[PDB]
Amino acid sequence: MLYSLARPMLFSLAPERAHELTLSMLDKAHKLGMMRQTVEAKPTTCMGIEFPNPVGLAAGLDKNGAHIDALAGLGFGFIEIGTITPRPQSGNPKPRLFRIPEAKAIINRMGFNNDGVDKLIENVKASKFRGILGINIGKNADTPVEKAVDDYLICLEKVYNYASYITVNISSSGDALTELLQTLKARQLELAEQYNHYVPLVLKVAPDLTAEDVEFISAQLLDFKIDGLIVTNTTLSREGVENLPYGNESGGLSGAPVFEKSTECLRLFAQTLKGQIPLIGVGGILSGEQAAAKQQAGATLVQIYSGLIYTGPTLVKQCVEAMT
């Protein structure tokens, strides 16, 4: 109720200001004993993890892990924080977040703004949440290309003992992916021995992929025994927003206009992987019906983000109800 009642006022504000205000008010309402949402039990076992329900928070909403307890109170089966980088960085210049309400869409070029991995870990330590926490790790913008792998390694080591699973986003070039996965997988196996427990590694792709891309990525997932695949991140397409304000802004498009492309990408990977690697369906979930559609296209879990801006927090409850 609270969000949907405040939304007309908040939509009168610039998007990033409204975004930060909403998270701040969520935190305070949580501390006041408010914004607690009951969601149905739908136990789902995936990647060796017992999820209480199959609806997660996608990365990029809580980039620093500063809002975990308040977001957990919304009833997510799992929460993904990040993307986090080894050092803090500002991201791109503002404005960098655009609302396209007639299409129930968002365009962002945030640029991986974050407080750095040490601060994220302090935030996690101070949170009360003990459920399923995904941590999405990345590289600093100012790291030389030849040293990029080592930024992922720094984050991997620093978050290993705090994460339920770790996500790495991959770019569409093939040599670079293979080298990164070889190094990260070898290190993950070393850390699992050192810490006496296995933390699954999940890759996340964009939807703007050719058939050859899907085949290549699928082969890599299998060769390196990657534990799961998130399909998908935002799209470079502007289909569905070309005739609306902000529809020509550079960045990634999310919300309703990415539902069909992200779901088809999920379908293609599902056909290639043939049940061998769990799929996490993300993109354009604005109603529970869309979460069920991801599951029918092959997803075991889903994640939501942009639908929280439009439908609001009750979307968590709707998605759990709708999934089989």
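Residue indices: 1-based, along the sequence shown.
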{"item": "Unmodelled deposited residues between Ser172 and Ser173, binned", "value": "10 or more"}
{"item": "Between 27-35 and 47-55 (mean CA B-factor, as deposited), the higher", "value": "27-35"}
{"item": "Higher-B stretch (mean Cα B-factor, as the entry records it), 5-13 or 307-315", "value": "5-13"}
{"item": "Most elevated Cα B-factor in the entry, residues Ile280, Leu268, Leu61, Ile68", "value": "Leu268"}
{"item": "Selection by C-alpha B-factor (highest) of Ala219, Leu253, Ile135, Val124", "value": "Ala219"}
{"item": "Chain third (lowest, middle, highest) by recorded CA B-factor, residue given as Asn161", "value": "middle"}
{"item": "Relative C-alpha B-factor of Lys204, binned into the chain's lowest, middle or highest third", "value": "lowest"}
{"item": "Where the record places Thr210 (Cα B-factor, split into thirds across the chain)", "value": "highest"}
{"item": "Among modelled residues of the same chain, the CA temperature factor third for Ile230", "value": "lowest"}
{"item": "Third of the chain, ranked by Cα B-factor, where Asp115 sits", "value": "lowest"}
